[PDB]
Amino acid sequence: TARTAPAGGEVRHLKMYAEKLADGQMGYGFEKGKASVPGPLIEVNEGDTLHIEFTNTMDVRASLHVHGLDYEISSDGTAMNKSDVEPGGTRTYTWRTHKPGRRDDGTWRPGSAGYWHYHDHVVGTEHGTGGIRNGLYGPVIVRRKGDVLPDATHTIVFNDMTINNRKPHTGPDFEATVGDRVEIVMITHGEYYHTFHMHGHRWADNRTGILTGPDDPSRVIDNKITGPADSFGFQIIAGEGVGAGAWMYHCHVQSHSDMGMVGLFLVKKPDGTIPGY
C-alpha cells in the first residue's frame, strides 16, 4: 500500500528570509544565504498551524502572502493592512489550515487541502509585481488525512516567459526512475496565460490530480491552460505504460516553447540509461 498523509493538527514553527541575490533576483529561503527561486516547499497537514518568523534582509519593503490557507488580515501580507515588512525587519506571519466538516446549517465546509503558493505583495507595486518577477514565489502543499504521498515533489513555475526564472532553454530538468511516484506542483505568475503539457504522462483535472476509483468523472488530461496565480498539482508514475525516456514538458503555446519554455522529465532505467539520450 502507498504511503498516505496522517491526521493533522500540529503547531509548527519556521524561519523564512527574503534575500536579494547576487544576480539581481529576489528569493525566499529557510536559511540565510540559501534563498532559492522558486522558494522552498512548505508542506503541512490539514489542521496544522504554521508560524513563520519572517525576516526581510533586503533594502526595500517586502512581504509574505499565501493563497488558499487560513490567515487573519494581520497576516495577509499587504501594505494596505500594514502587514508587509520594512527593510531589515522581522514579522511573524501565521497560516492556519482546517479539515472539512459538516456545519451546523447542514452544509459542508471545505478543507484547506490543495496545491497552493506564497509570494510577495509589495515589491515594485502594491501587488508584488516586482517581487514576483524577481523570484519571490514558492509552493505550498496541504494534505488531507489519507491521501497519497509521493517519492519526490518538483515545482514548475511559469513566470512570465520563464520557467523558474531560468534563461530560455535551460530547463529545469528533473530525473526519475521508471516506477517512481512523482509529484508536480505547477504554478503560474506574471502577465501571460500558458498551457502546461507533459509528453508520455497524464493526470486527472481534480484536487489531487489523481482518481481514487471508477466513480470520478474528472477529465484525464496532459495539457492545461493556466493564468497568473493559478496553482494545481498531480502525481504520476514515471514511465508508467510508456517506459524510460527523455520526456519533454513545455508550455504548448507555440511561440513560448519555441522561445525556450521547455524542460525534460528524464525517466531512467535502474542502470541510469535513457533510451535515445
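All residue numbers are counted from 1 along the displayed sequence.
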Once the chain's modelled residues are ordered by C-alpha B factor and cut into thirds, is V242 in the lowest, middle or highest one? middle
For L266, does the deposited CA B-factor place it in the lowest, middle or highest third of the chain? middle
For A35, does the deposited CA B-factor place it in the lowest, middle or highest third of the chain? highest
If you rank the chain by CA B-factor, which third does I52 end up in: lowest, middle or highest? highest
Where does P150 sit by CA temperature factor within its chain: lowest, middle or highest third? middle
